[PDB]
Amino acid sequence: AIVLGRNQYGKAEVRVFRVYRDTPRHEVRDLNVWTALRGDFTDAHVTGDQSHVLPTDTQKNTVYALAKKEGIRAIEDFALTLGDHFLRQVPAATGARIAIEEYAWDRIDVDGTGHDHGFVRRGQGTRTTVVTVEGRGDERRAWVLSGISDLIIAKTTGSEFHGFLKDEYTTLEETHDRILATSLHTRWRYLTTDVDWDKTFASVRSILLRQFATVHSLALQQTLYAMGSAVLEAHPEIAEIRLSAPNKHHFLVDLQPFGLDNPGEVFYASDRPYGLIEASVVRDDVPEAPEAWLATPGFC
């Protein structure tokens, strides 16, 4: 009755830093990479026979090798290359999930011009991709999720919250003016891999930020829906977008005990607890792709 179920394995958090230096004007790619293979690894679990298993150490080596041989431009393309490579190398594998985070760098400003080889981290969120490749030859299927994590944004007005359901345990007062502060985590799924990854990423990021700032918010739920639907409207190549946003409470401090007023000016930025508002915006007219999301954000 007892059997092995779902399983996957690979190398997590391979930090690879790639320099392009064909000219004195260097460029950098600063990545954190996860590999996970799926397939027939039953004996490796049940009996200990490792014949099917490519070591995770080799998967790490492959990241560094392909960083040179294939290069690193868009992380989506690097992830697709890695997935197909592992399927070529590991016959027992049925699929590969490659996840990548990119940390952006700007050139250090020297007298108004960016320096040739000196850089400063941009520090405004992490660009992400989750690429799943399954099968080989005519049976190969691939899925790309892209996203942004740790994008810390806030609005100091243009946020309300009223008309909610009131309970015998509700103390929160309705309001027409509050701070709305979050750290956005989001992933969206592409319908195909015929995408200009950098162009679309930059556009999606701008839409998310513009909608957050300019949409008068009646709830974080409604802000997220407006952000996500704007992305889908502008990008028909995107099938769905998931958004997970903490409501990082900035509490208006009561200054009456100190003889002072506080007309929306002085706040306590509380760490925990925080509202956590999570929503998916989807194209109803296209098929779902659960394969793309399997074990995202994690296995268990």
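Note that residue numbering begins at 1 and tracks the sequence as displayed.
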{"property": "Selected stretch [higher average CA B-factor]: 10 to 18 or 286 to 294", "result": "286 to 294"}
{"property": "Between the two ranges 140 to 148 and 105 to 113, the one averaging a larger CA B factor in the entry", "result": "105 to 113"}
{"property": "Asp57, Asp254, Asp43, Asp30, ranked by C-alpha B-factor: the highest one", "result": "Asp43"}
{"property": "Selection from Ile241, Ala36, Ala245, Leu260 [criterion: highest C-alpha temperature factor in the record]", "result": "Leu260"}
{"property": "Where the record places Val53 (Cα B-factor, split into thirds across the chain)", "result": "middle"}
{"property": "CA B-factor placement of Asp271, once the chain's modelled residues are sorted into thirds", "result": "middle"}
{"property": "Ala67 - Cα temperature factor, lowest/middle/highest third of chain", "result": "lowest"}
{"property": "Third of the chain's Cα B-factor distribution that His235 belongs to, per the entry", "result": "highest"}
{"property": "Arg205 by Cα B-factor - lowest, middle or highest third of the modelled chain", "result": "lowest"}
